[PDB]
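These protein sequence lines are chains A, N, T, M, B and S, in that order. No gaps in the numbering here: position 419 of the first sequence is 449 in the deposited numbering, and each next residue is one more. Mapping of the second sequence onto the deposited numbering: residues 15 to 25, 109 to 230, in sequence order. No gaps in the numbering here: position 8 of the third sequence is 10 in the deposited numbering, and each next residue is one more. No gaps in the numbering here: position 49 of the fourth sequence is 49 in the deposited numbering, and each next residue is one more. No gaps in the numbering here: position 76 of the fifth sequence is 80 in the deposited numbering, and each next residue is one more. No gaps in the numbering here: position 78 of the sixth sequence is 78 in the deposited numbering, and each next residue is one more. Using N, Cα and C, we set each Cβ at its ideal position, and we do this for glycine too.
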Amino acid sequence: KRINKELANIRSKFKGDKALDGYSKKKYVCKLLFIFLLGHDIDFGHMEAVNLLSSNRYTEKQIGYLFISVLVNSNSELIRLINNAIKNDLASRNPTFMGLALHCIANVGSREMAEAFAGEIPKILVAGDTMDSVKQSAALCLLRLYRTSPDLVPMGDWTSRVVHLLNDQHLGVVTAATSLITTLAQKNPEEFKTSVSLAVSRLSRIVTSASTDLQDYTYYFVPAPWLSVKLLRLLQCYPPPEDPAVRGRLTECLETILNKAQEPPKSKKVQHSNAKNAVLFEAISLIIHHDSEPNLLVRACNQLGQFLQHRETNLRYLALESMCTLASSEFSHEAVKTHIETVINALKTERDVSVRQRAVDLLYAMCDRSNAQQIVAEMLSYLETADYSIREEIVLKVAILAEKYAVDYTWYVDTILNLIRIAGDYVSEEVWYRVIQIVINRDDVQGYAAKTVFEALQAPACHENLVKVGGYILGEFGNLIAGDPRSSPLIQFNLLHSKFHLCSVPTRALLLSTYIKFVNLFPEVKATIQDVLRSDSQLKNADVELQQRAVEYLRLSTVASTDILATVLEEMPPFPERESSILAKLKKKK
Amino acid sequence: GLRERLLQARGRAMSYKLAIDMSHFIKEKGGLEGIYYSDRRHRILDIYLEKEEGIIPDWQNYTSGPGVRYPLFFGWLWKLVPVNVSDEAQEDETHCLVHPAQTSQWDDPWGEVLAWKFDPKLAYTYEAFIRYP
Amino acid sequence: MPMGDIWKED
Amino acid sequence: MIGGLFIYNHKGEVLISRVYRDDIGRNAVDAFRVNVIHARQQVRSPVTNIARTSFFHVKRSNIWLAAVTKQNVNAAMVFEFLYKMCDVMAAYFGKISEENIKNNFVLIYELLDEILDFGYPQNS
Amino acid sequence: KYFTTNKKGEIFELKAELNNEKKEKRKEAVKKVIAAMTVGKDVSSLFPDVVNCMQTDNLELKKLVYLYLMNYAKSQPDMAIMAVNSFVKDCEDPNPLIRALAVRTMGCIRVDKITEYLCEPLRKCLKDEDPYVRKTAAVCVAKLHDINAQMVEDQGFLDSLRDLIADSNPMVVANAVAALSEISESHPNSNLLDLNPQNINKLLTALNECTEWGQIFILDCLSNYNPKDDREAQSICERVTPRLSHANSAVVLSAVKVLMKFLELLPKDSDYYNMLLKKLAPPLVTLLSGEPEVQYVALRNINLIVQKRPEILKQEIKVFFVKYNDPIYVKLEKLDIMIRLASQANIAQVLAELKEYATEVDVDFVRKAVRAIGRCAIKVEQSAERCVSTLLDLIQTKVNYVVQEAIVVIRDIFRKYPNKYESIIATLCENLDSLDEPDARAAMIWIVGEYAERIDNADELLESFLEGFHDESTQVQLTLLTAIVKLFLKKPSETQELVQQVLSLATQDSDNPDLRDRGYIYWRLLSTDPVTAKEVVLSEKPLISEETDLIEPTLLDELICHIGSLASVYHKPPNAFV
Amino acid sequence: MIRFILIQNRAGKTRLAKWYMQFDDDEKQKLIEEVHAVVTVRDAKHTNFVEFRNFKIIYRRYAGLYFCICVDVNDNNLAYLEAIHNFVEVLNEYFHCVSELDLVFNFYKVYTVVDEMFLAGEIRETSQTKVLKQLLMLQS
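Shown next as structure tokens:
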């Protein structure tokens, strides 16, 4: 309707080669971009605007640059003319045109443009004749080209000039060079080792300044919060300095950061509060990642403990987020474990799902030997009323904690059975692999696990994973509960034969192995199970797994040699020591 | 003057009888009971009373409790009512972004938008002396 | 006699 | 039977909702918009099973009439009730648009208080 | 003066407007409150100002206040008991519409004082004058009985329900039997009180003189009934038989449910069985010409009807051919019902549309069609060679979502016929013209494992998969042993590094206990007696049934009684959605 | 690093979209709907950070507009939240006041402010006075 009328008006403006003007064509491209903002696709004559980039009108040139940035196609001659205009603007002395070309490179990300302009852009970045606004775009453009193609980035001799960028009076160049060096330090630490000692002095000159300096780079009476966060995140990607003077200067800077955090606020603005707490949280993350100063670690743990009692939910989120590696320490581990009841209360009294997820992650991280049963019970009470989207990670974390911290495995089998009963559809396969491996490996929870899963299978609303676990556990240890009148082999077969029909394909595959183990175990139960194996619903089934299982078990039950049958269907030897497949699944998931 | 400075915010002894008289002068001048609350309008009103009458910046101290905000110092006749903005108001294409309907909401510790409103019931007796110690 | 707050940009 | 009757616009904002049983809440309101409307193309079968919850939906080319149940309903009865509701609203105020929602917001709830009672589609 | 809201950039008080004498302004204010309640605000701080201030006109304002109360009945009883006495003092009002509205808005309150303070207005309006009051009374009886708790007069409520079953108004008795079915959702002592020789005739007269909605509940409770007489059963079938109601789908499928559960006679000698088979087919054919959602529900029920009794829509297949203006679910289900109804007299009509559907654009529909060609090959006897040639021509187009689904039905054809197609393997396994999904991988591995006399270079094609042993496929051992239990005996000192390599990979590398137990069962068998292993593994296998995509017979007997239910549409057990 | 910057009103449209990583057309069509369905449901009494799979999407609500900046979980969320507020204040001080109609009508200035504020997933200039001076110099 209206979009069709707008497309008809755009075609009437530019369909053929009618008599138009430069400002009329600029207004037509602006109207086409406004129609593209409403959700309409049109590509009528991109060359008429791509060839217009060599003009002198800055507004029309920027409109054409935005058009070729938002509608970057796979054209050959148009992209060649665009790269030629980019090289002409880079060779020109126009800083606005050079910055527009650098923004077009950093937003395009073409492989041919990255292979062509891989050498000129650091030469522009180290060019002292350029303005300060060009370097801050060029360093981020080189960062974008390095993130696009890291192999096509040389380690030239301009590195000493790159480290020397941080000594500038203008600080946007410092921000761009910090964002460059923080990415390049993961491959070249020795090429930017002196940048650590320069950035320490830069951070000291920032945080030891009053309100007189930094007349434009301040933010709500906070001196340079983004630059301080960038410098601390740069120092987090480096080891602590071996020089004692640099170490003491860094310690004094972090002490002044903590003292400014403990200071009362000047204004009442929440923007000032966020811009002051951001540097505090990045300094806390630096202190925790270093883990070198216990005097700093104790103060940071006390600061986060007092920060957890705050009223702002998006502050309590960060207070729970920045403590996972703090729980992994050794000296301040008791100071982390002082507020486990506060973490449990934050998990109970809830206002946000991601806040609850961060509380779950912090409880799982700090769970070493504090209260394993209490942590597992609180996790299960959270899981009983959790969401239906992130339940699998919580199930794997409960399984990891239960298989890790357990002195007697009876509580472990009860925990796995409660986890299977409460939302067993999200239980991954590694959990019910692991409980079978642990029950086979241990030799004092076998009869208890068999009786517990036999009582758990008698519920009408059983889940499929419970049928699998109970099937293999009964097929392995049906002999140890044969004396009880409530657990005869006839009932042991009849419960699984009731659960066999309306369940799924691997369940029906596993219960047939359980059936042939029952035929091997109890000669009283051989007749009915042999009739079930001889039935046509098992023989003529369309599934190859069930057909092969039923056919070869019917043939194996009637070879008239009980010695070979007992030699084949004997007791299973235990599993070898694996390497925590549940942990591998959790690492592949998260 | 005062109304223009308050609507441009889109991004001696402290005697109680003189404060009552100045609140009545503000209400008859058409400056309040229709606008919202922010720290900039707080500082503008304080600087305006200090410029036009030479008043010490001590009177404007409102309660920090959740809900209705009353003046703590005696004499000021302007309480604050927590205005819950309707869903059809925060959807207009001409509402200002940096405006205390969406800027002052993040700043209060309870997260409630505040506006101004006259209350002549507090002209009889105190409220902060019997509400909070 | 109060007035109305500027809610809309003209 | 019917444990909720949710009318959604073409974007996802609720216009008229109603809760009949205690097993349907704001999570049941939000999950339908999260995994039905705001999703990919190639719209599958109209009876969506999410978290042991059944969502029936009917899109009348501008609006989305949905029902959220949690047990063994009669299958075609819910869709026939939805089509009867759409026909009643059509005979009431012509077409179905947001202007028809806002101009007859009391009348829609008055029709829902008579044509449906505890999920039973009782005739007026 | 609390909860002050705005109006397009203004300031005005709601509570003064609610307590004001302007009733139109109070109606506009409560309309704004209900609008905020619908969009999701917390307007719970106005409850004693919208409930206790009921001093204005009755109808519209009381309806809006009762809507607010039935929306916020989950609030606290200390706030809900501010005017609850004047709320429950409404069973003596002169308007029965007001009485029924008050009962219907009092029934939704799950409060502790409900069973002690609502039994008197309920019993004061049971034997009332207007039938809508008794309708709402039985609705609220079922609502209070949804908790299934022993109330103060729950036995009297059940006795009043049994009295309301045999009453005058058809909608009233239909709602009463619906409430008996609702309390029959659990298993009480008085479960499904029939009282046959009067209640059956009363329900039949109500079904004859009922409206277009109560018939669904009447036939729903009639579906679970199982008599034993003959003339009574024939009278029941004669009263049930005229069903072409304006509610085009629900009443028709409920009557089909009643007629199919009402099938206890000779399956080949009863003439009325053939009469019912002639009776069901015009509704089961003319049910498809409606709206797409009830069309999809009808197709999902017709699939179960065909799977149980194939002699209903057997002679009519022309109504199941897919057109070009149908949605994807109807497009899939009409195809599945067509390939289930592909008989020995319509294969020329079936196969042309089957080979035409493969060139469509819906990916799941093309996958269903290329499985459908193989299913029709299994179904029809004298078409398997032509369908095998058609599947080979479709595979020769080298399409990724066609070959990986065609080789599975090719494996099904190979399992149905084990001798007549010993030439496709050396070409099809040599192609492997995709990166196959695990179903096609299992099909390829089973085809390589079986028929090993003609694929004698199978060691390379098995060891191509044996290195990357990370998938869900136990076929790589249960088909390796079934061929290299005879090839390793025919060639000694050969492929020991396969028949022990896959067992060493299934013994102490696979963490799955199912795969480990399969590996130990194989390893303890062939390493002890090769003749015993050849007798057990390489024994003859029976052929599969003709109808391929079937469900289990116990689940089919479960879905017979739930034809009108949602379990028929989901094709799952009814305990899969609680 | 900043993955995408979005301005989504509560009706459902998209006013400003800047994509710095490599997304497809169907990926750009799906991520906008996912951002809308996650962000436009949570109220003001919740947090401002949401996680998608590995995202840390930070959103604010200015008068029906929803400002979203995405990041990976490595960077300071309060720093990017105050970057959002600083960008909104720059767009406010470019005019005397700003709204959705002004952002629609002056999108050529909006893209100029975004390209002079953010670039390549990072921040170009933290200040606002130099950006206003650059915008006034480029106003001719």
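At a CB-CB cut-off below 8 Å, which residues of chain T make contact with residue i?
| i | result |
| --- | --- |
| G172 (chain N) | Those within 8 Å of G172 (chain N) in chain T number zero; the least Cβ separation is about 21 Å. |
Can you tell me whether DSSP reads residue i as helix, strand or coil?
| i | result |
| --- | --- |
| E216 (chain B) | coil |
| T60 (chain B) | coil |
| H139 (chain N) | helix |
| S569 (chain B) | strand |
| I240 (chain B) | helix |
| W156 (chain N) | coil |
| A376 (chain B) | helix |
Considering only the alpha carbon of each residue, which of the options lies closest to residue i?
| i | options | result |
| --- | --- | --- |
| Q481 (chain B) | B:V503, B:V412, B:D475 and B:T499 | B:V503 |
| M1 (chain M) | M:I24, M:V43, M:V58 and M:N9 | M:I24 |
| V555 (chain A) | A:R538, A:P536 and A:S518 | A:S518 |
| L105 (chain B) | M:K102, M:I115, M:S97 and M:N103 | M:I115 |
| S359 (chain A) | A:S322, A:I374, A:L348 and A:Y95 | A:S322 |
| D382 (chain A) | S:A11, S:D26 and S:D43 | S:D43 |
| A212 (chain N) | N:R228, N:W156, N:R166 and N:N158 | N:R166 |
| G121 (chain S) | A:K61, A:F147 and A:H133 | A:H133 |
Can you pull the chain M neighbours of residue i, defined as C-beta to C-beta under 7 Å?
| i | result |
| --- | --- |
| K11 (chain B) | The premise fails here: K11 (chain B) is roughly 15 Å from chain M at the closest Cβ pair, so nothing lies under 7 Å. |
In chain S, which residues lie with their C-beta within 8 Å of the C-beta of residue i?
| i | result |
| --- | --- |
| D22 (chain M) | The premise fails here: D22 (chain M) is roughly 22 Å from chain S at the closest Cβ pair, so nothing lies under 8 Å. |
| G164 (chain N) | Near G164 (chain N) there are no residues of chain S at all, since even the closest Cβ is about 15 Å away, more than 8 Å. |
Give the residues of chain A in contact with residue i, contact being defined as C-beta atoms less than 7 Å apart.
| i | result |
| --- | --- |
| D115 (chain S) | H133 |
| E186 (chain B) | Those within 7 Å of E186 (chain B) in chain A number zero; the least Cβ separation is about 21 Å. |
Counting only Cβ pairs nearer than 7 Å, list the residues of chain S close to residue i.
| i | result |
| --- | --- |
| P255 (chain A) | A79 and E82 |
For residue i, go through chain N and note every residue whose CB falls closer than 7 Å to its CB, in chain order.
| i | result |
| --- | --- |
| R341 (chain A) | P206 |
Can you tell me the Cα-Cα spacing of residue i and residue j, whole angstroms?
| i | j | result |
| --- | --- | --- |
| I141 (chain N) | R19 (chain N) | 8 Å |
| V50 (chain S) | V385 (chain A) | 10 Å |
| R33 (chain M) | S419 (chain A) | 15 Å |
| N56 (chain B) | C112 (chain B) | 19 Å |
| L68 (chain B) | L101 (chain B) | 14 Å |
| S227 (chain A) | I123 (chain S) | 23 Å |
| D521 (chain B) | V47 (chain M) | 40 Å |
| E34 (chain S) | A39 (chain M) | 8 Å |
| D7 (chain T) | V58 (chain M) | 44 Å |
| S234 (chain A) | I370 (chain A) | 36 Å |
| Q577 (chain A) | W217 (chain B) | 48 Å |
List, in order along the chain, the chain N residues whose C-beta lies closer than 8 Å to that of residue i?
| i | result |
| --- | --- |
| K299 (chain A) | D136 and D204 |
What does residue i touch in chain B if you count any residue whose Cβ is under 7 Å from its own?
| i | result |
| --- | --- |
| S565 (chain A) | By Cβ distance, chain B contributes nothing, its closest Cβ being about 11 Å from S565 (chain A), past 7 Å. |
| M77 (chain M) | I220 and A254 |
Using a cut-off of 9 Å between C-beta atoms, extract the partners of residue i located in chain S.
| i | result |
| --- | --- |
| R381 (chain A) | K45, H46 and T47 |
Which chain M residues sit within Cβ distance under 9 Å of residue i?
| i | result |
| --- | --- |
| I332 (chain B) | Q42, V43, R44 and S45 |
Point to revise | Near-chain A residues of the stretch 187-218 of chain N - C-beta to any C-beta below 7 Å | key: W203, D204 and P206
Review point. Of all the residues that make up the stretch 187-217 of chain B, which are near chain M by a beta-carbon distance shorter than 7 Å?
Key: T215, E216 and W217
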